[PDB]
Each structure stands twice: as C-alpha cells, then as structure tokens.
Amino acid sequence: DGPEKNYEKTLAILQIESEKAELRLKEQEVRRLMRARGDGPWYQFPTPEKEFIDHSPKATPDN
Amino acid sequence: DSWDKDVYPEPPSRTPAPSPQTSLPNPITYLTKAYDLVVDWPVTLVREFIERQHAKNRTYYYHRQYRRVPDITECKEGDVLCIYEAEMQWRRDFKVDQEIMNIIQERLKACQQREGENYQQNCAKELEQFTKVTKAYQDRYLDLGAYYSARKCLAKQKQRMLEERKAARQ
C-alpha cells in the first residue's frame with residue numbers, strides 16, 4: 001500500500017496508547033483520593049440503616 | 001552515466017601522445033585493436049539492442065521528497081505524535097548524513113587513487129572537506145548511543161552550546 005498507511009496507523013496506535021496511559025494514571029490518582037477521603041462513588045463503606053430506627057413514642061418520655 | 005561531475009568530481013584526463021622511437025611493433029596496440037574488433041563490437045551491438053527494447057518499453061520512477069514536519073524543539077514533551085514525527089524526520093536526516101559522509105569518503109579515495117604519488121600535495125581540498133565533514137559529524141552524531149534519537153542529539157547540542165557559551169564568557 002505504501003509508507004503513508006503504516007505512518008498514519010502508527011500515529012493512531014500511539015494516540016490510543018497515550019490516552020490509555022493517561023487514563024490509567026488518572027484512575028490511580030482518583031482511587032487514591034477517594035480512599036483517602038471517601039466522597040465519590042467508590043469506597044463507600046456501610047453504616048447502620050435509618051429505616052430500622054423506631055421513631056414511635058416510647059413508654060418513657062426521655063427518649 | 002547517471003552520475004554527474006558536480007557531486008562526483010573528476011579532473012579531465014591528460015594522456016600523452018605516443019612517441020614510438022623503437023622499430024618493434026606494439027603488442028599492446030595490436031591486442032587492443034583485436035580486442036575491440038572481437039569483443040567490444042558484439043557487446044556494443046547487444047547493449048544497443050537492449051537499449052532499443054528499453055526505449056520501446058520506457059517507464060519512469062520518481063524521488064519522493066519529504067517535506068519538513070515540525071521538529072522536536074517546537075512542540076511539547078509527552079506529545080507522542082509530534083515526538084514520532086520529529087523522530088522519523090531525524091532518522092531520515094541521520095541516514096542522509098550517513099550517505100553524505102559516504103560520498104565524501106568516496107571522493108577522498110578517488111582523489112588518492114587518481115593522484116597516486118602526489119596524494120600528499122594535490123588532495124589538499126579533498127582532505128580538508130573530509131576533515132570538516134568529519135568534525136561536523138562528530139559534533140552532531142558521535143557520542144549518541146545505540147539508541148540514538150532526536151532527543152539525545154538535542155541534549156548533546158544543548159550541552160555543547162552551554163560549554164561554548166561558558167567559554168565565551170572569558
């Protein structure tokens with residue numbers, strides 16, 4: 001086919017690999033920041049549920 | 001003769017005329033005349049037939065000049081596209097400089113063989129051109145490794161320019 005086909009294919013391959021490397025580094029930094037301070041969707045450790053707290057009036061008023 | 005005297009210089013031959021002061025015949029002249037009549041004429045006829053066939057089926061091929069892509073100096077680091085294009089054009093220029101060096105070496109060898117016993121005197125300009133091109137090649141491509149690159153060549157040039165600038169201070 002000629003040298004231009006291999007040239008442009010190499011450029012496309014390099015762009016794909018560079019974007020993948022950038023995204024991998026971004027993923028590492030995002031995971032580290034989330035686990036350091038959990039504020040995104042990931043590393044959300046559980047907590048006792050609100051929906052099983054009895055809010056009805058008790059036998060004792062001081063509750 | 002695809003080659004031209006502009007890139008492959010050759011001084012004009014100055015052969016002396018014969019002065020046959022002896023009466024003996026010259027076996028060299030007799031053998032050259034017979035060699036022409038026996039060997040050179042049929043070979044010339046065969047080559048002329050071949051060239052006639054080529055002129056019948058004549059075709060052409062071209063050179064493929066490349067244009068200058070942006071170099072390694074004028075685009076940001078980590079950009080693999082610009083680095084790839086600069087690396088490819090630097091490897092292209094490296095191969096071209098290799099063949100420039102080969103041309104100069106061929107010219108030097110031709111000068112030495114042509115002049116023979118007078119090579120120490122009249123090959124002054126060929127030796128001077130060889131020395132200058134050798135110095136430039138050593139300045140640009142010598143200490144680079146087996147992984148020689150545009151980045152390594154740029155680093156070597158920047159170090160050399162820094163040393164020259166520091167020497168120019170005093």
# chains A, B, ... in the order shown; residues from 1 in each chain; ligands from 1
$ closest_atom_pairs --of "chain A" --to "chain B" --cutoff "12 Å" --atoms "only C-alpha atoms" --output "CSV"
residue,atom,partner,partner_atom,distance
A:2,CA,B:64,CA,11.7
A:3,CA,B:64,CA,10.9
A:4,CA,B:66,CA,11.4
A:7,CA,B:85,CA,9.2
A:8,CA,B:81,CA,10.2
A:9,CA,B:81,CA,11.6
A:10,CA,B:84,CA,8.9
A:11,CA,B:81,CA,6.2
A:12,CA,B:81,CA,8.8
A:13,CA,B:81,CA,10.0
A:14,CA,B:80,CA,6.5
A:15,CA,B:81,CA,7.1
A:16,CA,B:80,CA,10.4
A:17,CA,B:80,CA,9.5
A:18,CA,B:80,CA,7.2
A:19,CA,B:80,CA,10.3
A:21,CA,B:78,CA,11.1
A:22,CA,B:78,CA,10.5
$ select_by_dssp --residues "stretch 12-167 of chain B" --states "alpha helix (DSSP H)" --output "PDB file with C-alpha atoms, in the first residue's frame"
ATOM      1  CA  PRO B  27      51.660  -5.978 -28.908  1.00  0.00           C
ATOM      2  CA  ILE B  28      49.501  -3.830 -26.627  1.00  0.00           C
ATOM      3  CA  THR B  29      48.179  -1.822 -29.577  1.00  0.00           C
ATOM      4  CA  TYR B  30      47.663  -4.964 -31.660  1.00  0.00           C
ATOM      5  CA  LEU B  31      45.830  -6.717 -28.822  1.00  0.00           C
ATOM      6  CA  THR B  32      43.660  -3.672 -28.097  1.00  0.00           C
ATOM      7  CA  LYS B  33      42.670  -3.378 -31.766  1.00  0.00           C
ATOM      8  CA  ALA B  34      41.851  -7.091 -31.949  1.00  0.00           C
ATOM      9  CA  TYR B  35      40.062  -6.925 -28.588  1.00  0.00           C
ATOM     10  CA  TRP B  41      31.710  -4.585 -31.156  1.00  0.00           C
ATOM     11  CA  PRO B  42      29.339  -7.528 -30.368  1.00  0.00           C
ATOM     12  CA  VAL B  43      28.900  -6.316 -26.772  1.00  0.00           C
ATOM     13  CA  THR B  44      28.062  -2.846 -28.091  1.00  0.00           C
ATOM     14  CA  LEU B  45      25.537  -4.346 -30.523  1.00  0.00           C
ATOM     15  CA  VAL B  46      23.873  -6.383 -27.759  1.00  0.00           C
ATOM     16  CA  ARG B  47      23.672  -3.334 -25.488  1.00  0.00           C
ATOM     17  CA  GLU B  48      22.228  -1.219 -28.301  1.00  0.00           C
ATOM     18  CA  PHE B  49      19.550  -3.866 -28.907  1.00  0.00           C
ATOM     19  CA  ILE B  50      18.768  -3.919 -25.176  1.00  0.00           C
ATOM     20  CA  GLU B  51      18.570  -0.116 -25.057  1.00  0.00           C
ATOM     21  CA  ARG B  52      16.262  -0.141 -28.086  1.00  0.00           C
ATOM     22  CA  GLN B  53      13.965  -2.555 -26.241  1.00  0.00           C
ATOM     23  CA  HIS B  54      14.073  -0.305 -23.163  1.00  0.00           C
ATOM     24  CA  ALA B  55      13.237   2.755 -25.268  1.00  0.00           C
ATOM     25  CA  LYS B  56      10.276   0.813 -26.641  1.00  0.00           C
ATOM     26  CA  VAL B  80       3.834  11.243  21.159  1.00  0.00           C
ATOM     27  CA  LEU B  81       2.534  12.468  17.788  1.00  0.00           C
ATOM     28  CA  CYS B  82       4.979  15.359  17.458  1.00  0.00           C
ATOM     29  CA  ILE B  83       7.729  13.236  19.021  1.00  0.00           C
ATOM     30  CA  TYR B  84       7.036  10.464  16.488  1.00  0.00           C
ATOM     31  CA  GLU B  85       7.135  12.812  13.501  1.00  0.00           C
ATOM     32  CA  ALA B  86      10.279  14.567  14.737  1.00  0.00           C
ATOM     33  CA  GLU B  87      11.952  11.217  15.445  1.00  0.00           C
ATOM     34  CA  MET B  88      11.133   9.939  11.964  1.00  0.00           C
ATOM     35  CA  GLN B  89      12.431  13.067  10.240  1.00  0.00           C
ATOM     36  CA  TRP B  90      15.554  12.970  12.424  1.00  0.00           C
ATOM     37  CA  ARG B  91      16.209   9.346  11.472  1.00  0.00           C
ATOM     38  CA  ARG B  92      15.702  10.349   7.839  1.00  0.00           C
ATOM     39  CA  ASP B  93      18.239  13.169   8.163  1.00  0.00           C
ATOM     40  CA  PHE B  94      20.593  10.808  10.008  1.00  0.00           C
ATOM     41  CA  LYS B  95      20.540   8.329   7.118  1.00  0.00           C
ATOM     42  CA  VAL B  96      21.034  11.185   4.636  1.00  0.00           C
ATOM     43  CA  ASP B  97      24.052  12.401   6.621  1.00  0.00           C
ATOM     44  CA  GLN B  98      25.454   8.856   6.619  1.00  0.00           C
ATOM     45  CA  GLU B  99      25.326   8.851   2.847  1.00  0.00           C
ATOM     46  CA  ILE B 100      26.811  12.371   2.678  1.00  0.00           C
ATOM     47  CA  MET B 101      29.738  11.017   4.694  1.00  0.00           C
ATOM     48  CA  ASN B 102      29.948   8.065   2.288  1.00  0.00           C
ATOM     49  CA  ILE B 103      30.035  10.461  -0.682  1.00  0.00           C
ATOM     50  CA  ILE B 104      32.901  12.425   0.873  1.00  0.00           C
ATOM     51  CA  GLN B 105      34.819   9.213   1.619  1.00  0.00           C
ATOM     52  CA  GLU B 106      34.378   8.015  -1.979  1.00  0.00           C
ATOM     53  CA  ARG B 107      35.607  11.399  -3.208  1.00  0.00           C
ATOM     54  CA  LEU B 108      38.681  11.169  -0.962  1.00  0.00           C
ATOM     55  CA  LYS B 109      39.525   7.641  -2.129  1.00  0.00           C
ATOM     56  CA  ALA B 110      39.110   8.684  -5.766  1.00  0.00           C
ATOM     57  CA  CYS B 111      41.451  11.643  -5.209  1.00  0.00           C
ATOM     58  CA  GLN B 112      44.092   9.405  -3.630  1.00  0.00           C
ATOM     59  CA  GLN B 113      43.957   6.826  -6.414  1.00  0.00           C
ATOM     60  CA  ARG B 114      43.903   9.439  -9.194  1.00  0.00           C
ATOM     61  CA  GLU B 115      46.895  11.351  -7.892  1.00  0.00           C
ATOM     62  CA  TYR B 119      48.347  12.472  -2.943  1.00  0.00           C
ATOM     63  CA  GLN B 120      50.050  14.328  -0.087  1.00  0.00           C
ATOM     64  CA  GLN B 121      50.021  17.589  -2.065  1.00  0.00           C
ATOM     65  CA  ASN B 122      47.137  17.942  -4.520  1.00  0.00           C
ATOM     66  CA  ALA B 124      44.502  19.120  -0.027  1.00  0.00           C
ATOM     67  CA  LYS B 125      40.921  20.210  -0.700  1.00  0.00           C
ATOM     68  CA  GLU B 126      39.529  16.660  -0.577  1.00  0.00           C
ATOM     69  CA  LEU B 127      41.279  16.007   2.741  1.00  0.00           C
ATOM     70  CA  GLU B 128      40.105  19.393   4.040  1.00  0.00           C
ATOM     71  CA  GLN B 129      36.491  18.639   3.103  1.00  0.00           C
ATOM     72  CA  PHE B 130      36.829  15.191   4.684  1.00  0.00           C
ATOM     73  CA  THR B 131      38.189  16.713   7.902  1.00  0.00           C
ATOM     74  CA  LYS B 132      35.475  19.386   8.102  1.00  0.00           C
ATOM     75  CA  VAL B 133      32.635  16.933   7.451  1.00  0.00           C
ATOM     76  CA  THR B 134      34.196  14.526   9.970  1.00  0.00           C
ATOM     77  CA  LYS B 135      34.291  17.313  12.568  1.00  0.00           C
ATOM     78  CA  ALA B 136      30.643  18.204  11.940  1.00  0.00           C
ATOM     79  CA  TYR B 137      29.587  14.544  12.103  1.00  0.00           C
ATOM     80  CA  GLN B 138      31.459  14.174  15.387  1.00  0.00           C
ATOM     81  CA  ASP B 139      29.758  17.304  16.692  1.00  0.00           C
ATOM     82  CA  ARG B 140      26.261  16.065  15.896  1.00  0.00           C
ATOM     83  CA  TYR B 141      26.112  12.237  15.974  1.00  0.00           C
ATOM     84  CA  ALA B 150      16.410  13.385  18.210  1.00  0.00           C
ATOM     85  CA  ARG B 151      16.114  13.997  21.952  1.00  0.00           C
ATOM     86  CA  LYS B 152      19.637  12.693  22.584  1.00  0.00           C
ATOM     87  CA  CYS B 153      21.037  14.747  19.696  1.00  0.00           C
ATOM     88  CA  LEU B 154      19.277  17.833  21.059  1.00  0.00           C
ATOM     89  CA  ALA B 155      20.659  17.178  24.546  1.00  0.00           C
ATOM     90  CA  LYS B 156      24.186  16.818  23.153  1.00  0.00           C
ATOM     91  CA  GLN B 157      23.828  20.022  21.123  1.00  0.00           C
ATOM     92  CA  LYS B 158      22.482  21.929  24.132  1.00  0.00           C
ATOM     93  CA  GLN B 159      25.364  20.715  26.308  1.00  0.00           C
ATOM     94  CA  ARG B 160      27.875  21.740  23.629  1.00  0.00           C
ATOM     95  CA  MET B 161      26.234  25.159  23.243  1.00  0.00           C
ATOM     96  CA  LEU B 162      26.324  25.624  27.022  1.00  0.00           C
ATOM     97  CA  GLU B 163      30.037  24.784  27.102  1.00  0.00           C
ATOM     98  CA  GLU B 164      30.760  27.151  24.201  1.00  0.00           C
ATOM     99  CA  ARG B 165      28.747  29.925  25.873  1.00  0.00           C
ATOM    100  CA  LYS B 166      30.587  29.394  29.169  1.00  0.00           C
ATOM    101  CA  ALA B 167      33.935  29.527  27.361  1.00  0.00           C
TER     102      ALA B 167
END
$ atom_distance --atom1 "atom CA of residue B:1" --atom2 "atom CA of residue B:37"
23.9 Å
